[PDB]
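S.K.: The structure is given below, and queries will be raised subsequently.
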Amino acid sequence: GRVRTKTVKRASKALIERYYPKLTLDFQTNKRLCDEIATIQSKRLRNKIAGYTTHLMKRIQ
Amino acid sequence: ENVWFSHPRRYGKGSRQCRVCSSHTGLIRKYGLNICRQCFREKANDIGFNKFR
Amino acid sequence: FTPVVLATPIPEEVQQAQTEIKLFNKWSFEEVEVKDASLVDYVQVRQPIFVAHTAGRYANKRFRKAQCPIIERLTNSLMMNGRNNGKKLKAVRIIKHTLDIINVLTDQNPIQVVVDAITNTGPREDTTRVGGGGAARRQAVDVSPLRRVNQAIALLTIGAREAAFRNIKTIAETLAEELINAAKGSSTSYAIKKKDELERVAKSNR
Amino acid sequence: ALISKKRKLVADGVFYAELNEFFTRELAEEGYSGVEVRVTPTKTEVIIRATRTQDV
Amino acid sequence: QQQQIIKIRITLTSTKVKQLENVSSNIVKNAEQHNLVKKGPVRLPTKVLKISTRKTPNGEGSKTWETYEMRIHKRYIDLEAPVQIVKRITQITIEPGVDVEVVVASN
Amino acid sequence: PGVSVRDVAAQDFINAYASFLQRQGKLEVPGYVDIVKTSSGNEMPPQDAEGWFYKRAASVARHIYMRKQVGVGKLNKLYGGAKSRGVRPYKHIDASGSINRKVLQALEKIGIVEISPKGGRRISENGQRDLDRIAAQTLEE
Amino acid sequence: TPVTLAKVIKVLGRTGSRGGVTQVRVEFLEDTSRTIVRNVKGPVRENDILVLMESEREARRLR
Amino acid sequence: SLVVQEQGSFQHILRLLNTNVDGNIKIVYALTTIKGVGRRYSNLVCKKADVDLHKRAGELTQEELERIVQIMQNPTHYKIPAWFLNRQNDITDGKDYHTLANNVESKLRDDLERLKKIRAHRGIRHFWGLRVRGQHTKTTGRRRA
Amino acid sequence: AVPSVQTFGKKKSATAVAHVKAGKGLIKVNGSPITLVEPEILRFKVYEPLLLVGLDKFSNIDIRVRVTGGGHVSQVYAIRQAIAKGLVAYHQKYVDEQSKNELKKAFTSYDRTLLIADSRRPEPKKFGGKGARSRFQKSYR
Amino acid sequence: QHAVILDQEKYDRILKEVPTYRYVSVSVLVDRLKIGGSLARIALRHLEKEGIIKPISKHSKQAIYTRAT
Amino acid sequence: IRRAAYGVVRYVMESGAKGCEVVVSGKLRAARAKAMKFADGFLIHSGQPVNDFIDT
RNA sequence: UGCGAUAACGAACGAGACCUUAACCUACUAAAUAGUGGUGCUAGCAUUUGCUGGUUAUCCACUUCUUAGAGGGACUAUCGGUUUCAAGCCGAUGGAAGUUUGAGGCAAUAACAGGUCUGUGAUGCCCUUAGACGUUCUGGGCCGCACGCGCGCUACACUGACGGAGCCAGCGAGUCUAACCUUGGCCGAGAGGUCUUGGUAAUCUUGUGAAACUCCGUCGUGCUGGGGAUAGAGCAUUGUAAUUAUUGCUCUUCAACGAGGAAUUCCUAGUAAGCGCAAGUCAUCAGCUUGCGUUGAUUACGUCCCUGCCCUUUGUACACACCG
Ligand SMILES: [Mg+2]
Ligand SMILES: [Mg+2]
Ligand SMILES: [Mg+2]
Ligand SMILES: [Mg+2]
Ligand SMILES: [Mg+2]
Ligand SMILES: [Mg+2]
Ligand SMILES: [Mg+2]
Ligand SMILES: [Mg+2]
Ligand SMILES: [Mg+2]
Ligand SMILES: [Mg+2]
Ligand SMILES: [Mg+2]
Ligand SMILES: [Mg+2]
Ligand SMILES: [Mg+2]
Ligand SMILES: [Mg+2]
Ligand SMILES: [Mg+2]
């Protein structure tokens, strides 16, 4: 039951839309820069958003 | 005066009552509360007891 | 092989277990080749165990119970009818005495007898209720190997339990008789008898 | 006072509840909004939040 | 009196962990800037006071129960400290919602 | 080669020490043996009945040895059991408070246990020596 | 009766009114490149070898 | 403390206190068939009577049977401590009797008749055939008694 | 000082703290040797870390395992975890890392819970039932 | 139905027929021969003392024996 | 009822709140009772944010 | 829920996110209310150091285990497979954890003539208001039994009963705002009594030495030594009061019950089930409930066949809505 909501997918889409000269195919690097380029209110939501961003970057590649 | 409260109510249901409404049944006396279970649900956030899990 | 001495002296009979891992301390898991094909990777040997108690996870995914060893699944099927829920220590004791009795009668390997009993009372073709009711056709379906080994364990332990109920014979020797008769193929055993009935109804209802 | 801390904190919660309902009943026209009880050493302070503080 | 250490203990009890740790950090900060010797804030197991009452006022319904609960967080600090300037700083700096008690131990 | 009563199995030691205590005959069984059940939750008196006080005393002495101090109430809780209350579900009932107590005076007369200034009974020096000697004999056989 | 050993190549899907039968496709172990679609009662996987008392019968109960 | 073999000098069903005590059953549980003798009383009597507790009640010789009967019938004299008996502080003379085979029906009937004759409520419920120990008669016992 | 590591093992609620120091081959549980652990059929559970790597890996160390919590099977599954983790920690800290890797291979190729605690925890009970999942019986009549 | 006390012919039948029993237990002595469980246990102890049957497990509630040699 | 309820709903709403909701339940000269709602703005109903930002 | 189709595009509540708990952290801050190791100091038994006992301005050091603050961690990571290379799903490896990580708490719009006026000093109206429907007291009743039904407990035993021995939890709670939790000693077969003691509690009850379970014996297929109903006599405790047995204990009486027709409930992994313990109400009384741990399976990882619910299409003379 691992479907991601629109608050994960939309935020991840916006993060790739304005931070492609940034974040890479590594979840830990994406997770660390999601603390600085965005104000995500919880650690679980930050990890979900960074993991979906990583999934979409690996998909874009 | 003669026999008005002549019956001993040192114990049992009729010894104690809710401090809010004086109800002998359904009382909670855990931690010295002496509130009935219907008024405790109303006042339980004022006592400090919160729904967590 | 070489007797090593320690401060707390480990006995020789359990120091002998460094060379080969065997059940309880006696019967090897080597040369317990499963005689019937199509049931390998569903009767689990080739990882030998010491005792038939392994508090592990097998019912979290689908086919993980085929990785539980066959002796442990046989112990686990002995913990039923309610009053024996829990009591894996009792079930492991029953299984240990069972393999003692199968070593005494018919001297060859008790693990081989248990595996032979499983492969001999797995039902090959069962039936199913086709249609939406009891009053309909019954149609024959052949059985998956995992359901074959499952029904084999269930039939052997249910026949053992009912034979051990209300008589002098203990559950270890009634189960040992069930496994011996099923391994040779006897029809004097509950599991072979029930397998014949389940196959025969499917023969008649193809 | 020699009670356990469980019963002491529970009884302070009950005292808060009783004070809060007493001020709810008393200060109805006076725009009551809440009470805070500050237990300092040697005195306790009962602070009433009310809109018509001049009427209080 | 003449800067003789007298071995007090401050017991800090509260149902609110944020303000309780504010008090604990204040006491440890004062005792470290005063160069006091201390056994630090020892945090006791939290008392989870559970009350499982019945959710309904009636009998009617599916039988639903409520676990209201209050947590008691408790800490203590040992201070081998002078008698005057430390009773001053424990007289002052009292947070609401946190109950202090100071006991002198010569055992 | 320094054998204590931890290097001997509990059943083997308690059997050997009970047979030793009965053979040497000093422990002064209380006279209400063979008429007494050993627990309220118990249903029948012990099936040994020529003895069994020596085995209760050996188990108590080994218990006192392996703990620091054990009193009559801890002994009653240890030897008490599930009471078959008939039509009602079972319940833990503490054992006979006279038997464990009289075991404790019986061992204190023969010098196994001691008055233990923090409470119940410790094991005395002589009792520690005795239990270690039967522990060595139980292995070396 | 010469029973035949057949290896599951393709698991087609689950039918039965109750949902308890799986249609699979089996290649015979001896004389392979001979696929028949056959019903299976219990839990069946890929590569699962199973015994058949007929080599000539299909699974006609689907969708 | 060692096991021993044996041989069969045995005799079958035997009469004792007007009760056919059966053979082929160990003596404590053979004496249980006597009314007023249970399992505790049997164990205590076979202990006071110097009876081996293992010997099947037909291996037991008639001198031992006579000692067993004497201890059952006169139990205070053989140091059975009268908290262990039935009719402690009896009803009418204050003695401590243990009541035996045909007499426990007689004393039960005698005390039910005493409770009926006094007109006590327990005697009246005994007369009517209802439950006397304060049970709820609404639901249970709804076939007999 | 003496080379000593301190580890622990866990079943459901049974914690076993092992103290593996350099010694002469000694293995003790809670005061007593590894040959008497009770229960007797689960003695090969606590023998499993001993017989997987060989006893010559244990001939140079003294292990003392203090176990609390749990029950008679959870404590055994904590003993074997404590012993295996203690030997692995000792061969990490003092013996070579390539020796640790062979030991860890021998343990995890046999049973993962020799080194890794079982993560299965008791689910809470909820109202209207007697367990986590099962409910009371409903009637309709 | 079960001879719970031992006469000489049943003793002679035990000492003759427990040899050639492959597996000897309580239930074997209660079924194949006609003594109770009590004499089955006493007989098992006596015959492994005399050395005609050898133990395999010797557990309470399940005693497993085999012929000598 | 509507006048008072809207008069506090918009008073809350332009006192600087994300949202407000007034529910009035009861009867008025009528043998039948109805509950009517008066909402304005953004509200939440589930979660710890109710304990955070919702005042009831 | 999202992908996708697309006269829709972009949003809000609900879901999710959130919070509490459980699981990992030899990484941080520490602790005589937790523990460990040496030993300031000892001390015992067996030996040639194993097992212990005891003192923290009448020792030192440490935090692995324990506790609780702040954090870290998982995001289905990585790699295959598959799907329209889309959301996703499946497998393997790694991992403390890959079932929304397990479990809950909160939980929208619309309703129901659902339950509650007998929870309240919540309440309209009505009734009664001094031979009261107020209040108190005395005694009884709520327990009354030809019977029908529902939730359970105990069972029908040898995978067991009995006895002896072994021996292990976790969630709790507890009195000076008066007698609560009670260790230890002594008496008592037992229930209990009595002299003291610790505890306002990570300190003491309490290592709740729990039960199931394990080992060794007695039984031995017999309604038996399964079962413990009914009933008799006695001893205690609580209480002003125990009779209609409050409950506890001892002896005795030893009933149906030989695994249950038609039917029907609950359940997918530390789960079902077995097992006791604590709390609730409690002066006394748990066969109940809420929780907690102990032991721990079989079977599916699916389908719409039954039942219920939802959605779409269709019909309607229904809209008080088929009880039309
Ligand atoms: Mg006492
Ligand atoms: Mg359960
Ligand atoms: Mg929301
Ligand atoms: Mg939510
Ligand atoms: Mg469209
Ligand atoms: Mg730590
Ligand atoms: Mg209505
Ligand atoms: Mg009421
Ligand atoms: Mg009255
Ligand atoms: Mg009623
Ligand atoms: Mg027992
Ligand atoms: Mg504990
Ligand atoms: Mg009552
Ligand atoms: Mg209670
Ligand atoms: Mg109730």
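Going by Swiss-Prot, the residues shown for chain E are 15-121, listed in order.
Cβ atoms are placed via backbone N, Cα and C, with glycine included.
Got these off Swiss-Prot a minute ago, pasting:
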CROSSLNK  E:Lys21  ubiquitin cross-link
CROSSLNK  E:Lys32  ubiquitin cross-link
CROSSLNK  E:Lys101  ubiquitin cross-link
S.K.: Once the DSSP letters are reduced so that anything not helix or strand counts as coil, what is E:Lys21 (ubiquitin cross-link)?
M.R.: coil
S.K.: Could you list the residues of the same chain, at least six apart in sequence, whose Cβ is under 8 A from the Cβ of E:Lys101 (ubiquitin cross-link)?
M.R.: E:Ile22, E:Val116
S.K.: Can you count the other CB atoms that lie within 10 A of the CB of E:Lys21 (ubiquitin cross-link)?
M.R.: 14
S.K.: Round to the nearest Å and give the CA-to-CA distance linking E:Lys21 (ubiquitin cross-link) with E:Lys32 (ubiquitin cross-link).
M.R.: 27
S.K.: I'd like the number of other C-beta atoms within 10 A of the C-beta of E:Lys32 (ubiquitin cross-link), please.
M.R.: 8
S.K.: Tell me, by DSSP, whether E:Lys32 (ubiquitin cross-link) is helix, strand or coil?
M.R.: helix
